[PDB]
Structure formats: structure tokens, C-alpha cells
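>>> pasting an experimental structure with its sequence.
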Amino acid sequence: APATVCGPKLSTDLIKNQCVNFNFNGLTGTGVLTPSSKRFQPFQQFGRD
Amino acid sequence: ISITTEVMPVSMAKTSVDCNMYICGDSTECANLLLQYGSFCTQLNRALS
């Protein structure tokens, strides 16, 4: 959902640059983080392959 | 004189796979955990190479 109960970690800002240890609400990993054009209804906040 | 097609497959998709990206690409603790198996990084990748 819109992520409600968070942790004390400070929030940085995104970069389009490759290979960033992204942590969008407990979703760790890495990768190129380029913005794209996807629809994303407001009741869906996490798209999959 | 009847000419006749005869279709013969000669090759398939030259599919490789990164074994370490398939098993666990982002985690390095899992890559540490996968390391104590055999040479499945090598031999599994060398077999379909």
C-alpha cells in the first residue's frame, strides 16, 4: 500500500545512474534506475516483470 | 516434376545462463551460501556453453 509504518532510516534521492543499492520500502537489490512511462493506478505501487 | 519442401532444424537458441544471477543475483550472503556447493558456477555453466 502507501507505505505506512517506516523505519528510522533517512531518505536519499534517486539517481538515473546504473547500479544503485535501492531500498524502496524494504525492497533491496541493485540496478539501473531509469524513469519510464508506466500507468500505475493509485492502488498499485509495485510493478513486476 | 514435383518439387517438395523438406524442413530440417539445424540449430537452436544458443542459450547461456549466469548461474549466480539465476540462483541469487543481488544477495552476496546467498552467493556466499551458494559457494559451499560444488562447481555449479562452473560446470553447470560450462555444460550449456
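Here it is on my side, so go on. Residues are numbered from 1 along each chain as shown, chains lettered A, B, ... in the order given.
>>> every contact and neighbour count from this point should use C-alpha atoms.
OK.
>>> please report how far the residue most central in space within chain A lies from residue B:48.
Central residue of chain A (CA atoms, centre = their mean): residue A:24, 3.7 Å from the mean position. Residue A:24 is 36 Å from residue B:48, where distance means CA to CA, to the nearest Å.
>>> just residue B:34 next, same as before
Taking CA to CA as the measure, residue B:34 falls 19 Å from residue B:48.
>>> higher neighbour count, those two?
With other CA atoms under 10 Å in any protein chain shown as the criterion, residue B:34 and residue B:48 differ in neighbour count, and residue B:34 comes out ahead with 16 against 10.
>>> my guess is residue B:19 meets residue B:39, correct?
No - applying CA atoms under 8 Å as the test, residue B:19 and residue B:39 come out as separate, 10.5 Å apart.
>>> the more surrounded of the two?
Set residue B:19 next to residue B:39 and count neighbours by other CA under 10 Å: residue B:19 wins out with 15 against 12.
>>> name the nearest residue to the more buried one, sequence neighbours excluded.
The shortest distance from residue B:19 to any non-neighbouring residue, by CA to CA, 6 or more residues apart in numbering or on different chains, is to residue B:41 (5.7 Å).
>>> wait, the one you found sits on residue B:20?
Yes - between residue B:41 and residue B:20 there is a contact at 6.6 Å, judged by CA under 8 Å.
>>> chain B: helices as residue ranges?
Assigned by DSSP state H, chain B shows helices spanning B:19-24, B:28-35, B:43-48.
>>> other SSEs contacting the first one?
Right, the one you point to is helix B:19-24. The criterion is 3 or more CA pairs under 8 Å, 6 or more residues apart in numbering or on different chains; DSSP states H and E, and the helices and strands that helix B:19-24 contacts are helix B:28-35.
>>> run through who's touching the helix it packs on.
Helix B:28-35 is contacted by residues B:20, B:24-25 when judged by CA atoms under 8 Å, 6 or more residues apart in numbering or on different chains.
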